[PDB]
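Structural characterization, general
Take a look at the letters that make up each chain.
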Amino acid sequence: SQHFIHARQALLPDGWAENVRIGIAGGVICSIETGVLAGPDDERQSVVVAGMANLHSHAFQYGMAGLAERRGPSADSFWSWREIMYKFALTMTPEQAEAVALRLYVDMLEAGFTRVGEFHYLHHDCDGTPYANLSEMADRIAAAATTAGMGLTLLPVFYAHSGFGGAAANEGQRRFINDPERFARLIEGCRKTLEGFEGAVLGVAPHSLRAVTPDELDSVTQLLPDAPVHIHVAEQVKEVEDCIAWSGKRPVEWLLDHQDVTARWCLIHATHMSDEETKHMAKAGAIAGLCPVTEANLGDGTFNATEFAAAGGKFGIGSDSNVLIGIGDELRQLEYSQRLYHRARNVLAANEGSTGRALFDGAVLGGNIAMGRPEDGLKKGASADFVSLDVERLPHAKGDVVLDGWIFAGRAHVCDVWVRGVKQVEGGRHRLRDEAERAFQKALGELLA
Amino acid sequence: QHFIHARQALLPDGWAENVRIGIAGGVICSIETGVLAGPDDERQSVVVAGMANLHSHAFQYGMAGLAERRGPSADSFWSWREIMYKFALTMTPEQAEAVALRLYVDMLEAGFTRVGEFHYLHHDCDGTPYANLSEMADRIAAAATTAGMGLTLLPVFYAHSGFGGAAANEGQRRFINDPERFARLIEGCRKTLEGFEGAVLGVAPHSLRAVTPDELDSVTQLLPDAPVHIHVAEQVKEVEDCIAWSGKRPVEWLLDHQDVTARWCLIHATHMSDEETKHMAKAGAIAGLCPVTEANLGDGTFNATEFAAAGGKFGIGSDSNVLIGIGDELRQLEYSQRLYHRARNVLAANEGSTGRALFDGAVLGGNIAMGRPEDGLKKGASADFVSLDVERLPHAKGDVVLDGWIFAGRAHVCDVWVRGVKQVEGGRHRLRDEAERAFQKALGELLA
Ligand SMILES: [Fe+3]
Ligand SMILES: [Fe+3]
């Protein structure tokens, strides 16, 4: 039946409003009324904001979080990360993958993310042979999301090569590999699995320009022409240099010249762009899939955030390596990367407004577009996906001040979280945290033994 | 003697297992490894040293989260100074004590066991001294006492608004003293800290902009065996103004005109050449790093690898007190380096854990900057330490626990002891809710 949340303040697309009654029916927002008293059966909340998309995740990497911070003996300071990543990637079973993904999605839900964009490349069995059920590993993701009550935009990854110009994939990549034919069949397995997964979106994820040839890129991005396309691009300086050596062009530039890039596309990282690439990307409408915590943890670089925003570019955030899960963590890192690079404060604020406000609104907006859910948000007809904040330490704080306290000062935290109208998180706790954790610790023990 | 048994404890020479720590009169009397818990031992999983928070301006905790609006000014730092001066110029002593208490509770809950209060809010709202000259410093001491927080109090000497002895401006009126009145204030602080167990009293020349060379000589001679702290080279604009005045940057100037040693803690030290960095390390000055505040202010990135390779030591301070956390500070330090050098595990030592190196480093340099080199998980040290909740890392080795805490959000502070007294239990200070009520009342008054 029809259920009501009454919020003392709620951040709607046209701004903060007070005394907001949000009606929910069949998991959808059926009504929003501002300046009204709570009905006697309304559930009362202090501060309500939209659910955040987590637009880029590799669920299995959550298992290695905190384990890649030892330097090791290599001259290459990235060796330890790849060694740990491939130890997990090459041994994880489907049962383990479901357990890890579940506990990750619980952590994301508890942090206020209501949908995940799972950029999924862990496909085949340990020897690189397909599972009897081709989409087995994607089915585990979907099962994990279903159990969590987490929204899912599933983005199976196309990966065939180890370098520019169609270099053969090496044996370490064997569980990731498909040709376009076997990839289409995998996408078909995913579509069947997602039947009855309410709100699910199925797109495609060419891994990167290194990993895919131009012809393969054409085939993959034509499979589901109305659904999202995600791709890693321009994350590390070495890729830009290699791309130039191969084509005479930088990665984003090359992509914009060879594909019809639109808001259908989400370019993950896009960390190293010229001013011209930044503008063209924004003008094309491609969403920047920013992963600020992972980019810092990997030493990738700093995004051209002010230029991108000034050109009308839109963005979202993704936990990516899943080393550390938090909306405040990601947005704060984005802003602070800018403050250090430009020697300035409140860099990503819009007009003379709040930096937390601009970042939060922006990341919700661009995130939902990248997820294929532009109808979503705190709007009539959107999925009933939203978050209440604990403002016990900010008792008189009016809207934007709440966001800045949350994101910069640690003075608020996520309280309740709803997805499709179902309260998955209460007072910061997911209804299945402890059960998910027990299964996660069992899987970790197996993987690390 | 009462006893804590730790399944793992990070001692100065490394992780030890099944460690019995005996405490009496607030100090560590015995350390035994490889043994079971006695029947009256309190049991802990993972115990580490208490962290010094080597640089704090307590009153700025009140403005945390309030300076993140861009505002109409061409100067993107205007809004921070406007908020900072609104609090600085109107706060009463009663309000200052409430703010400092709630801050010191927050610090304790984050695993900091001593605070270096770099204290410059001295006089009344109109810039006239209080009947008790050290009134505001007495409030700091009272707040620290109520929290059970260790205190190295560093009253600040401030006399000028510009290099070369420019007059102090009206906005600085609560901060200012001449050397003679400053010495009298220090004397008030010494009397107040009598019976404050483990307290240290040093001096804090504000910066090279705020002091002349002659004043710097006088202030740093007052307590020759106690710490000296000073802000240096935090912002490019200070560095340029210092050059305009002397032909030198702030740290090189300081090293050339003072006998800088491990007695000195140079706060930020953010803009240095490679040669300055090495000379600072070789002198033995402690880098008072404030990574979260430096990021929030867009100050810059510290020359961390060069400093460490030259044998430099550091600690961490919450500084503006915008966000309080050991993980937050150490992570930000490392990540500032990863982005700047396009590398990972930049501040690891040998081929070790980055979290290990950063944690050990910050405890060590922190305690030296605080005038407490005897401290740590050692016999004779103050019984100041922290247990970590390892429910998500249930049998993980020590270094893995640190990396999980600092980088992955997988462990958190459980209990915290200062001078052998448990001030935090399962993440909560006993006075959290009471201190919070008084804090919100003060905030409401200040923001009215
Ligand atoms: Fe990624
Ligand atoms: Fe400071």
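Calculation notes
- Residues numbered from 1 in each chain as written, not as in the entry; some residues may be left out.
- Chains lettered and ligands numbered in written order.
- Heavy atoms only, no water.
- Residues with missing side-chain atoms left out of burial classes, pairs and counts.
- UniProt positions renumbered as here; feature names shortened; annotations may be inferred.
- Helix = DSSP H or I, 4+ residues; strand = E, 2+ residues; numbered from the N terminus.
- Contact = heavy atoms within 4.5 Å.
- Nonpolar A, V, L, I, M, F, W, Y, C, P; charged D, E, K, R; others polar.
- Domains from an automatic or database assignment.
- Buried area = accessible area lost by both parts, 1.4 Å probe.
- Salt bridge = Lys/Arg side-chain N within 4 Å of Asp/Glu carboxyl O.
- Polar contact = N/O pair within 3.5 Å; in protein donor to acceptor, adjacent residues only side chain to side chain.
- Buried < 20%, exposed > 50% of the residue type's maximum accessible area, 1.4 Å probe, protein only.
- Donors = N, O, S within 2.8 Å, 3.2 Å for Na, K, Ca; no water.
- Tetrahedral: all angles 85-135°; square planar, octahedral: opposite > 155°, others 65-115°.
- Disulfide = S-S within 2.5 Å.
- 1 Å grid on protein atoms, 1.4 Å probe; cavity = no way out; pocket = protein on both sides within 12 Å on 5 of 7 lines; lining within 4 Å.
- Points joined across faces, edges and corners; volume = space filled by probe spheres on them.
- Expected span 1.5 Å × (residues − 1).

The name given to chain B in the PDB entry is Amidohydrolase, with Brucella melitensis biovar Abortus as the source organism. The annotation that UniProt attaches to chain B under Cofactor (unreviewed entry) is "Zn(2+)".

As recorded by the PDB entry, chain A carries the name Amidohydrolase and is attributed to Brucella melitensis biovar Abortus. For chain A, the Cofactor (unreviewed entry) comment in UniProt is given as "Zn(2+)".

1. Observations regarding the overall build of chain A
A count of helical and extended segments in chain A gives 14 helices and 19 strands. Seen through its C-alpha atoms, chain A measures out along the principal axes to roughly 65 × 45 × 45 Å. For chain A, contacts bridging at least 24 residues in sequence account for 72% of all contacts bridging at least 6.

2. Quick notes on the interface of chain B and chain A
Taken together, the contacts link 54 residues of chain B with 57 residues of chain A. Mapped onto the side of chain B that touches chain A, the elements with two or more residues apiece are α1 (78–90), α2 (93–110), α9 (291–296), α11 (326–341), α13 (398–408) and α14 (432–447) of chain B. The leading source of residues in the side of chain B that touches chain A is α11 of chain B, at six residues. For the side of chain B that touches chain A, the per-class residue count stands at 21 nonpolar, 15 polar and 18 charged.

3. Description of the domain arrangement of chain A
Residue and element names in this part refer to chain A. Per the domain assignment, the segments making up chain A are domain 1 (1–51 + 374–428) and domain 2 (52–373 + 429–449). The centre of domain 1, based on its C-alpha atoms, is set 28 Å off from the matching centre of domain 2. Taken together, the contact pairs 31 residues of domain 1 with 36 residues of domain 2. Here domain 1 packs against domain 2, burying approximately 2600 Å² in sum over the two surfaces, 56% of which is carbon and sulfur. Notably, a salt bridge pairs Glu375 with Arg373, separated by 3.5 Å at the nearest N-O pair. In this assembly, domain 1 and domain 2 are joined by ten residue pairs in polar contact. Those elements giving two or more residues to the side of domain 1 that touches domain 2 turn out to be β2 (15–25), β4 (43–50), β16 (386–390), α13 (399–408), β17 (413–419) and β18 (422–426). Ranked by residue count, the leading element in the side of domain 1 that touches domain 2 is α13, at six residues.

4. Quick look at the environment of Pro13 of chain A
All names here are of chain A. Assignment of secondary structure puts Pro13 in the loop between β1 (3–12) and β2. Overall, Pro13 belongs to the exposed group, its relative accessible area being 60%. In this structure, the C-alpha to C-alpha distance between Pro13 and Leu365, residues 352 residues apart in sequence, is 9.1 Å. Every residue in contact with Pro13, bar those within four places of it in the chain, is listed here: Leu378 and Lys379.

5. Here's the deal with the coordination of the iron ion (ligand 2)
Residues and elements named next belong to chain B. Coordination of the iron ion (ligand 2) by the protein comes from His55 (NE2), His57 (NE2), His231 (NE2) and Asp319 (OD), over a distance range of 2.2 to 2.4 Å. In this structure, the iron ion (ligand 2) is surrounded by four donor atoms whose angles at the metal cover 82 to 170°, and the resulting shape is irregular. Read in sequence order, the donor residues for the iron ion (ligand 2) give the motif H-x1-H-x173-H-x87-D. Of this pair, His57 sits in the loop between β5 (51–56) and α1 while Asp319 sits in the loop between β15 (313–316) and α11, and the two are 262 residues apart along the sequence. Across this residue pair, the class does not change: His57 and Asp319 are buried.

6. So, the side chain of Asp328 of chain B
Summarising the element assignment, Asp328 of chain B is placed in helix α11. Apart from the residues within four sequence positions on either side, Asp328 of chain B is in contact with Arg332 of chain A together with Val292 and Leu323 of chain B.

7. Structural notes on the pattern of salt bridges
All names here are of chain A. A complete count under the given rule lists 64 salt bridges over all chains for this structure. Its salt-bridge partner being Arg429, residue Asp434 comes within 3.2 Å of it at the nearest N-O pair. We classify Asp434 as partly exposed; its relative accessible area is 36%. Overall, the relative accessible area of 40% leaves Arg429 in the partly exposed class.

8. Structural notes on the UniProt feature "binding site: Fe(3+)" (unreviewed entry) in chain B
Residue and element names in this part refer to chain B. Per the UniProt annotation, the sites labelled "binding site: Fe(3+)" (unreviewed entry) are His55, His57, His231 and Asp319. Spanning 265 residues, the named residues form one tight spatial group whose C-alpha atoms are at most 12.4 Å apart. Topologically, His55 is positioned in strand β5. When sequence neighbours within four positions are dropped, the list of residues in contact with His55 reads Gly116, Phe118, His231, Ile267, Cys290, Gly317, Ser318 and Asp319. With respect to the helices and strands, the residue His231 is situated in strand β12 (residues 228–232).

9. Observations concerning the state of the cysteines
Residue and element names in this part refer to chain B. In the structure shown here, the tally under the stated rule is zero disulfides over all chains. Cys125 forms no disulfide, and the closest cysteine sulfur to it belongs to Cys189, at a distance of 19 Å. Owing to a relative accessible area of 31%, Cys125 belongs among the partly exposed residues under this scheme.

10. Considering the coordination of the iron ion (ligand 1)
Residue and element names in this part refer to chain A. Around the iron ion (ligand 1), the protein contributes the donor atoms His56 (NE2), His58 (NE2), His232 (NE2) and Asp320 (OD), which lie 2.2 to 2.4 Å from the metal centre. For the iron ion (ligand 1), the four donor atoms are set out with angles of 81 to 169° between them, so the coordination reads as irregular. On the primary sequence, the residues serving as donors to the iron ion (ligand 1) are separated as H-x1-H-x173-H-x87-D. Taken together, the positions of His58 in the loop between β5 (52–57) and α1 (79–91) and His232 in strand β12 (residues 229–233) put the pair 174 residues apart, joining distant regions of the chain. Across the pair, exposure class does not vary: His58 and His232 are buried alike.

11. Quick look at the environment of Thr128 of chain B
Within the secondary structure layout, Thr128 of chain B lies in the loop between β6 (112–119) and α3 (135–147). Along the primary structure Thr128 of chain B and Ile176 of chain B are separated by 48 residues, whereas in three dimensions their C-alpha atoms are 9.9 Å apart.

12. Side note on empty space enclosed by the protein
If you add up the space inside the largest cavity, you get close to 180 Å³. Considering the residues around the largest cavity, the lining is formed by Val293, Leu324, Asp329, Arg332, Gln333 and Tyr336 of chain A together with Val292, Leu323, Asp328, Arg331, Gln332 and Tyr335 of chain B. Those elements that place two or more of their residues in the lining of the largest cavity are α11 (327–342) of chain A together with α11 of chain B. Of the residues that constitute the lining of the largest cavity, the class distribution is six nonpolar, two polar and four charged.

13. What to know about the environment of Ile84 of chain A
Residues and elements named next belong to chain A. Note on placement: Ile84 falls in helix α1. A relative accessible area of 23% means that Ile84 is categorised as partly exposed. Here the alpha-carbon distance between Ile84 and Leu67, two residues 17 residues apart in the chain, equals 7.6 Å. Residues contacting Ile84, with those up to four places away along its chain left out, are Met64 and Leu67.

14. Re the UniProt feature "binding site: Fe(3+)" (unreviewed entry) in chain A
Residues and elements named next belong to chain A. As annotated by UniProt and renumbered to match this structure, "binding site: Fe(3+)" (unreviewed entry) occupies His56, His58, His232 and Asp320. Residue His232 is classed as buried on the basis of its relative accessible area, which comes to 9%. Once residues lying within four places of it in the same chain are set aside, the contact partners of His232 are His56, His58, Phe119, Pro206, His207, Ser208, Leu209, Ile268 and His269. At 3.0 Å, the side chain of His232 and the side chain of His56 are in polar contact.

15. Some words on helix α2 (residues 94–110) of chain A
Residues and elements named next belong to chain A. End to end, α2 covers 24 Å across 17 residues, agreeing with the expected 24 Å (1.5 Å per residue, within 8%). Of all 17 residues that make up α2, 15 are buried, and the element is covered over most of its length. Trailing α2 by a residue or two, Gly112 shows a phi angle of about 100°, which is positive.

16. Description of the domain arrangement of chain B
All names here are of chain B. The domain boundaries assigned to chain B delineate domain 1 (1–50 + 373–427) and domain 2 (51–372 + 428–448). For domain 1 versus domain 2, the separation of C-alpha centres amounts to 28 Å. Counting from both sides, the interface comprises 31 residues of domain 1 and, opposite them, 37 residues of domain 2. Buried surface at the junction of domain 1 and domain 2, both sides included, amounts to about 2600 Å², of which 54% is carbon and sulfur. Put simply, the parts of the chain that give the side of domain 1 that touches domain 2 at least two residues each are β2 (14–24), β4 (42–49), β16 (385–389), α13, β17 (412–418) and β18 (421–425). It is α13 that contributes the most residues to the side of domain 1 that touches domain 2, six residues altogether. Residue classes in the side of domain 1 that touches domain 2 are distributed as 16 nonpolar, seven polar and eight charged.

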